[PDB]
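First, one chain by itself: the form solved without benzylphosphonic acid (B85), in structure tokens.
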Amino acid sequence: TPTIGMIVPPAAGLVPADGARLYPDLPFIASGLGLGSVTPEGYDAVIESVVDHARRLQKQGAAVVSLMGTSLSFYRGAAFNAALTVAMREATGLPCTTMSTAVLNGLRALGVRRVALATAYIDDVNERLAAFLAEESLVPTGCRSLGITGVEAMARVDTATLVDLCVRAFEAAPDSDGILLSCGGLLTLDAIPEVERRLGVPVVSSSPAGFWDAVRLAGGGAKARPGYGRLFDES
């Protein structure tokens, strides 16, 4: 059974709880970046830090590495994500991926072209992720946010609150094939099937999608626990 390595933003470097539950029998390890919003040391220093943490995971026995950070994966667009992926792969000799690649793969697997975006965080996250999706020829149809800033760190948002968010996002953009939920706080898994039940359209949650994508990359053919929505039920 291959170990799955994840690079996460906070220095604490914990494996995210919101996804680990999908795969209770698989070993995950994580390495935390601790980077600031801006890094005065410059662009090379940011890339070096990502690459160093990928090496650390390789040395600790990871069989694949996923960059599980929203800003690094999405905020500079798809070409940057691809270049950083190759830099990671060339640094480690391991299959490497990211959260944005995972989200693209999830929406593709579900046949989603027109997407409504929802977040528990600020508008800017939806705008960045929408621009990224649009550049990849998907069609953002609408954006809804809760504005809870603490979700950039340790905040947990109630399932019912996340469900209302996604439902209202879709009702405002009812011409959508599906919904992308990002920055939803510590736990989002429970909202997914409930939203899908109420709307009849699939939901991709960015962090759980990164788990699914890494497990797929790993090549074991392990299935997620059932009951967490179309993407995980079907793969």
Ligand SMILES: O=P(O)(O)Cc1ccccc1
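In this text, rigid core is short for the largest set of C-alphas that superpose within 1.5 Å between two forms. Residue numbers here begin at 1 and follow the sequence given.
Notably, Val151 is an intermittent gap: at least a third of the other compared entries of this protein, restricted to those modelling both its neighbours, have no coordinates for it.
For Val38, the fraction of other compared entries lacking coordinates, among those that model flanking residues, reaches at least a third.
Form deposited with benzylphosphonic acid (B85) bound: not shown, discussed below.
The pocket of the shown chain is blocked, since benzylphosphonic acid (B85), superimposed from its pose in the entry with it bound, puts 3 or more atoms within 2.4 angstroms of backbone or C-beta atoms. Between benzylphosphonic acid (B85) and the residues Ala54, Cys183, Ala169, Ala30, the one pair within 4.5 Å by heavy atoms in the entry with it bound involves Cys183.
When contacts are judged by a 4.5 Å heavy atom cut-off, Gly69 counts as touching benzylphosphonic acid (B85) in the entry with it bound. Proximity of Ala134 to benzylphosphonic acid (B85) in the entry with it bound: non-hydrogen atoms within 4.5 Å are absent; the residue sits far from the partner. Mapping the unseen interface onto this chain, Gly13 falls outside it, with no heavy atom inside 4.5 Å of benzylphosphonic acid (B85) in the entry with it bound. Benzylphosphonic acid (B85) in the entry with it bound is approached by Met154, whose closest heavy atom lies within 4.5 angstroms of it. Checking 135-143, 87-95, 70-78, 106-114 against benzylphosphonic acid (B85) in the entry with it bound, the stretch whose residues place heavy atoms within 4.5 Å of it is 70-78. Using a 4.5 angstroms heavy atom cutoff to benzylphosphonic acid (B85) in the entry with it bound, none of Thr3, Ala82 and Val215 count as contacting. Residue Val38 is the only one in 29-44 with at least one heavy atom within 4.5 Å of benzylphosphonic acid (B85) in the entry with it bound.
The one residue among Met154, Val86, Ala134, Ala79 whose Cα position changes by 2 Å or more between this form and the one not shown, with the core held fixed by superposition, is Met154. After superposition on the rigid core, the Cα of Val15 moves by less than 2 Å between this form and the one not shown. Once the rigid core is used as the reference frame, the Cα position of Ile122 differs between this form and the one not shown by 2 Å or more. Once the cores line up, the CA of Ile47 ends up 2 angstroms or more apart between this form and the one not shown. Note: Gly19-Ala173 Cα separation is 3 Å or more longer in the entry with it bound than here.
Between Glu152 and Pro140, the Cα spacing is larger in the entry with it bound than in the shown form, differing by no less than 3 Å.
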